[PDB]
$ cat final.pdb   # PDB, C-alpha atoms
MODEL        1
ATOM      1  CA  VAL B   1      -3.898  -9.007  11.514  1.00  0.00           C
ATOM      2  CA  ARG B   2      -1.206  -7.878  13.951  1.00  0.00           C
ATOM      3  CA  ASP B   3       2.456  -6.851  13.881  1.00  0.00           C
ATOM      4  CA  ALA B   4       5.119  -9.365  14.904  1.00  0.00           C
ATOM      5  CA  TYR B   5       8.449 -10.988  14.042  1.00  0.00           C
ATOM      6  CA  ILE B   6       7.819 -12.836  10.779  1.00  0.00           C
ATOM      7  CA  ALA B   7       9.918 -15.953  10.198  1.00  0.00           C
ATOM      8  CA  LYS B   8      10.184 -19.187   8.212  1.00  0.00           C
ATOM      9  CA  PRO B   9       9.654 -22.787   9.397  1.00  0.00           C
ATOM     10  CA  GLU B  10      10.645 -24.845  10.962  1.00  0.00           C
ATOM     11  CA  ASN B  11      10.812 -22.129  13.621  1.00  0.00           C
ATOM     12  CA  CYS B  12      13.589 -20.161  11.922  1.00  0.00           C
ATOM     13  CA  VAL B  13      14.313 -16.426  11.933  1.00  0.00           C
ATOM     14  CA  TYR B  14      15.083 -14.342   8.847  1.00  0.00           C
ATOM     15  CA  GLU B  15      18.306 -12.336   9.079  1.00  0.00           C
ATOM     16  CA  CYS B  16      18.250  -8.927   7.393  1.00  0.00           C
ATOM     17  CA  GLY B  17      20.615  -6.083   6.556  1.00  0.00           C
ATOM     18  CA  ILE B  18      21.960  -7.964   3.545  1.00  0.00           C
ATOM     19  CA  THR B  19      18.803  -8.611   1.524  1.00  0.00           C
ATOM     20  CA  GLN B  20      16.805  -5.517   2.469  1.00  0.00           C
ATOM     21  CA  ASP B  21      13.589  -7.011   1.094  1.00  0.00           C
ATOM     22  CA  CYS B  22      11.551  -7.582   4.254  1.00  0.00           C
ATOM     23  CA  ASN B  23       8.867  -5.152   3.086  1.00  0.00           C
ATOM     24  CA  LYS B  24       8.491  -7.115  -0.150  1.00  0.00           C
ATOM     25  CA  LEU B  25       8.462 -10.568   1.446  1.00  0.00           C
ATOM     26  CA  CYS B  26       6.100  -9.382   4.181  1.00  0.00           C
ATOM     27  CA  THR B  27       3.692  -7.667   1.786  1.00  0.00           C
ATOM     28  CA  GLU B  28       3.682 -10.611  -0.620  1.00  0.00           C
ATOM     29  CA  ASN B  29       3.021 -12.987   2.277  1.00  0.00           C
ATOM     30  CA  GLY B  30      -0.118 -10.956   2.913  1.00  0.00           C
ATOM     31  CA  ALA B  31       1.149  -8.558   5.568  1.00  0.00           C
ATOM     32  CA  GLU B  32       0.270  -4.858   5.570  1.00  0.00           C
ATOM     33  CA  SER B  33       3.928  -3.837   5.800  1.00  0.00           C
ATOM     34  CA  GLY B  34       7.396  -4.955   6.849  1.00  0.00           C
ATOM     35  CA  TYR B  35      11.063  -4.031   7.166  1.00  0.00           C
ATOM     36  CA  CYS B  36      14.460  -5.049   8.543  1.00  0.00           C
ATOM     37  CA  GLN B  37      14.464  -4.873  12.342  1.00  0.00           C
ATOM     38  CA  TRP B  38      18.140  -4.275  13.110  1.00  0.00           C
ATOM     39  CA  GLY B  39      18.156  -4.670  16.881  1.00  0.00           C
ATOM     40  CA  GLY B  40      15.614  -7.104  18.271  1.00  0.00           C
ATOM     41  CA  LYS B  41      15.375  -9.545  21.169  1.00  0.00           C
ATOM     42  CA  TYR B  42      17.025 -12.162  18.956  1.00  0.00           C
ATOM     43  CA  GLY B  43      19.197  -9.680  17.086  1.00  0.00           C
ATOM     44  CA  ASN B  44      18.574  -8.446  13.550  1.00  0.00           C
ATOM     45  CA  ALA B  45      15.459  -9.944  11.963  1.00  0.00           C
ATOM     46  CA  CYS B  46      12.877  -9.070   9.310  1.00  0.00           C
ATOM     47  CA  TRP B  47       9.936  -7.486  11.128  1.00  0.00           C
ATOM     48  CA  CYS B  48       6.376  -7.678   9.800  1.00  0.00           C
ATOM     49  CA  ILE B  49       3.530  -5.188  10.197  1.00  0.00           C
ATOM     50  CA  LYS B  50      -0.042  -6.477  10.419  1.00  0.00           C
ATOM     51  CA  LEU B  51       0.172 -10.227   9.812  1.00  0.00           C
ATOM     52  CA  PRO B  52      -2.827 -12.558   9.342  1.00  0.00           C
ATOM     53  CA  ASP B  53      -3.481 -15.491  11.673  1.00  0.00           C
ATOM     54  CA  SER B  54      -2.812 -17.951   8.850  1.00  0.00           C
ATOM     55  CA  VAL B  55       0.681 -16.446   8.780  1.00  0.00           C
ATOM     56  CA  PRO B  56       2.178 -16.938  12.267  1.00  0.00           C
ATOM     57  CA  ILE B  57       5.535 -15.629  13.482  1.00  0.00           C
ATOM     58  CA  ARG B  58       8.712 -17.057  15.009  1.00  0.00           C
ATOM     59  CA  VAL B  59       7.990 -18.907  18.253  1.00  0.00           C
ATOM     60  CA  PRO B  60      10.260 -19.452  21.284  1.00  0.00           C
ATOM     61  CA  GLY B  61      12.032 -22.744  20.648  1.00  0.00           C
ATOM     62  CA  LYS B  62      14.432 -24.650  18.407  1.00  0.00           C
ATOM     63  CA  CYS B  63      14.659 -24.532  14.611  1.00  0.00           C
ATOM     64  CA  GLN B  64      14.031 -27.478  12.287  1.00  0.00           C
TER      65      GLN B  64
ENDMDL
END

$ encode --input "final.pdb" --output "structure tokens"
Amino acid sequence: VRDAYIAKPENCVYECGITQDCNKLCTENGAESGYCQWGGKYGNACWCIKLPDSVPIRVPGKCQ
């Protein structure tokens, strides 16, 4: 597993600061940890700590 910017398909980010449940969603997904990254390359997004291969992250492209 490895840290990264967790997201939801199709290639879509997960805004935070309003839900404040990144740690829960991340953990449940199978990640070691997670939180709300307020200030990232693509703005505010739910960050994930230690994510399994099966659970990829947001990739550079369009959303569907």

$ closest_residue --input "final.pdb" --among "B:1, B:12, B:18, B:26" --to "residue 38 in chain B" --atoms "all atoms listed in the file"
B:18

$ resolve_selection --input "final.pdb" --expression "the PyMOL selection byres ((chain B and resi 48) around 7)" --output "list in words"
residues 3, 4, 5, 6, 26, 31, 33, 34, 35, 46, 47, 49, 50 and 51 of chain B

$ residues_around --input "final.pdb" --residues "residue 60 in chain B" --least-positions-apart "3" --cutoff "10 Å" --atoms "only C-alpha atoms" --output "list in words"
residues 11, 12, 57 and 63 of chain B

$ write_last_selection --input "final.pdb" --atoms "C-alpha atoms" --output "short mmCIF file (atom, residue, chain, number, x, y, z; two decimals), in the frame of the given file"
data_model
loop_
_atom_site.label_atom_id
_atom_site.label_comp_id
_atom_site.auth_asym_id
_atom_site.auth_seq_id
_atom_site.Cartn_x
_atom_site.Cartn_y
_atom_site.Cartn_z
CA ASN B 11 10.81 -22.13 13.62
CA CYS B 12 13.59 -20.16 11.92
CA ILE B 57 5.54 -15.63 13.48
CA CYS B 63 14.66 -24.53 14.61
#

$ atom_distance --input "final.pdb" --atom1 "CA of residue 30 in chain B" --atom2 "CA of residue 55 in chain B"
8.1 Å

$ closest_residue --input "final.pdb" --among "B:37, B:21, B:2, B:14" --to "residue 54 in chain B" --atoms "only C-alpha atoms"
B:2

$ atom_distance --input "final.pdb" --atom1 "CA of residue 45 in chain B" --atom2 "CA of residue 15 in chain B"
4.7 Å

$ closest_residue --input "final.pdb" --among "B:7, B:36, B:59, B:44" --to "residue 19 in chain B" --atoms "only C-alpha atoms"
B:36

$ atom_distance --input "final.pdb" --atom1 "CA of residue 32 in chain B" --atom2 "CA of residue 61 in chain B"
26.2 Å

$ axis_aligned_box --input "final.pdb" --around "range 6-20 of chain B" --padding-each-side "6 Å" --output "JSON"
{"center_x": 14.9, "center_y": -15.2, "center_z": 7.6, "size_x": 26.1, "size_y": 31.3, "size_z": 24.1}

$ closest_residue --input "final.pdb" --among "B:17, B:22, B:58, B:52" --to "residue 39 in chain B" --atoms "only C-alpha atoms"
B:17

$ closest_residue --input "final.pdb" --among "B:64, B:25, B:20, B:13" --to "residue 41 in chain B" --atoms "all atoms listed in the file"
B:13

$ decode --input "final.pdb" --residues "range 33-55 of chain B" --atoms "N, CA, C and O atoms" --output "compact mmCIF listing (two decimals), in the first residue's frame"
# COMPACT_ATOMS: atom_id res chain seq x y z
N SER B 33 -5.05 4.91 6.63
CA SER B 33 -5.55 6.16 7.21
C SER B 33 -6.05 7.10 6.12
O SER B 33 -6.04 6.76 4.94
N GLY B 34 -6.50 8.28 6.53
CA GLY B 34 -7.00 9.25 5.58
C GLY B 34 -7.55 10.49 6.25
O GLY B 34 -7.90 10.47 7.43
N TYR B 35 -7.62 11.59 5.50
CA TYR B 35 -8.12 12.85 6.03
C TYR B 35 -8.48 13.81 4.91
O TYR B 35 -8.40 13.47 3.73
N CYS B 36 -8.88 15.02 5.28
CA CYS B 36 -9.26 16.04 4.30
C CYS B 36 -8.07 16.94 3.97
O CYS B 36 -7.65 17.75 4.78
N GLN B 37 -7.53 16.77 2.76
CA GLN B 37 -6.40 17.57 2.32
C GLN B 37 -6.85 18.92 1.77
O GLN B 37 -7.13 19.05 0.58
N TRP B 38 -6.92 19.91 2.65
CA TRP B 38 -7.34 21.25 2.26
C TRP B 38 -6.17 22.06 1.72
O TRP B 38 -5.53 22.81 2.45
N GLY B 39 -5.88 21.89 0.43
CA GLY B 39 -4.78 22.61 -0.19
C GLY B 39 -3.88 21.70 -1.01
O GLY B 39 -2.70 21.55 -0.71
N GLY B 40 -4.45 21.09 -2.04
CA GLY B 40 -3.68 20.20 -2.89
C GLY B 40 -3.50 20.74 -4.29
O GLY B 40 -3.97 21.84 -4.61
N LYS B 41 -2.83 19.98 -5.15
CA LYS B 41 -2.60 20.39 -6.53
C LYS B 41 -3.91 20.72 -7.22
O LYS B 41 -3.98 21.66 -8.03
N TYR B 42 -4.96 19.96 -6.91
CA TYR B 42 -6.27 20.18 -7.51
C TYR B 42 -7.24 20.78 -6.49
O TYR B 42 -8.45 20.61 -6.60
N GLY B 43 -6.69 21.48 -5.50
CA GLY B 43 -7.52 22.10 -4.48
C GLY B 43 -7.75 21.18 -3.30
O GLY B 43 -6.93 20.31 -3.00
N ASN B 44 -8.88 21.37 -2.62
CA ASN B 44 -9.22 20.55 -1.46
C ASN B 44 -9.76 19.19 -1.89
O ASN B 44 -10.70 19.11 -2.67
N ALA B 45 -9.15 18.13 -1.37
CA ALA B 45 -9.57 16.77 -1.70
C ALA B 45 -9.24 15.81 -0.57
O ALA B 45 -8.28 16.01 0.18
N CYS B 46 -10.04 14.75 -0.44
CA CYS B 46 -9.83 13.75 0.60
C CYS B 46 -8.58 12.92 0.32
O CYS B 46 -8.55 12.14 -0.63
N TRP B 47 -7.57 13.10 1.15
CA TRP B 47 -6.31 12.37 0.99
C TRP B 47 -6.39 11.01 1.68
O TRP B 47 -7.10 10.84 2.67
N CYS B 48 -5.66 10.04 1.14
CA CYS B 48 -5.64 8.69 1.70
C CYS B 48 -4.22 8.27 2.06
O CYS B 48 -3.27 8.57 1.34
N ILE B 49 -4.08 7.57 3.19
CA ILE B 49 -2.78 7.11 3.64
C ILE B 49 -2.67 5.59 3.54
O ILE B 49 -3.44 4.86 4.15
N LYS B 50 -1.70 5.13 2.76
CA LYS B 50 -1.48 3.69 2.57
C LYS B 50 -2.68 3.05 1.90
O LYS B 50 -3.56 2.50 2.56
N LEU B 51 -2.72 3.11 0.57
CA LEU B 51 -3.81 2.52 -0.20
C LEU B 51 -3.33 1.33 -1.02
O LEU B 51 -2.27 1.37 -1.64
N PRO B 52 -4.13 0.25 -1.02
CA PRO B 52 -3.80 -0.97 -1.76
C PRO B 52 -3.90 -0.78 -3.27
O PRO B 52 -4.62 0.10 -3.75
N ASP B 53 -3.17 -1.60 -4.01
CA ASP B 53 -3.17 -1.52 -5.47
C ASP B 53 -4.59 -1.60 -6.01
O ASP B 53 -4.99 -0.82 -6.88
N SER B 54 -5.36 -2.57 -5.51
CA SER B 54 -6.73 -2.76 -5.94
C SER B 54 -7.52 -1.45 -5.87
O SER B 54 -8.47 -1.24 -6.62
N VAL B 55 -7.11 -0.58 -4.96
CA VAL B 55 -7.77 0.71 -4.78
C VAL B 55 -6.89 1.85 -5.27
O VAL B 55 -6.15 2.47 -4.50
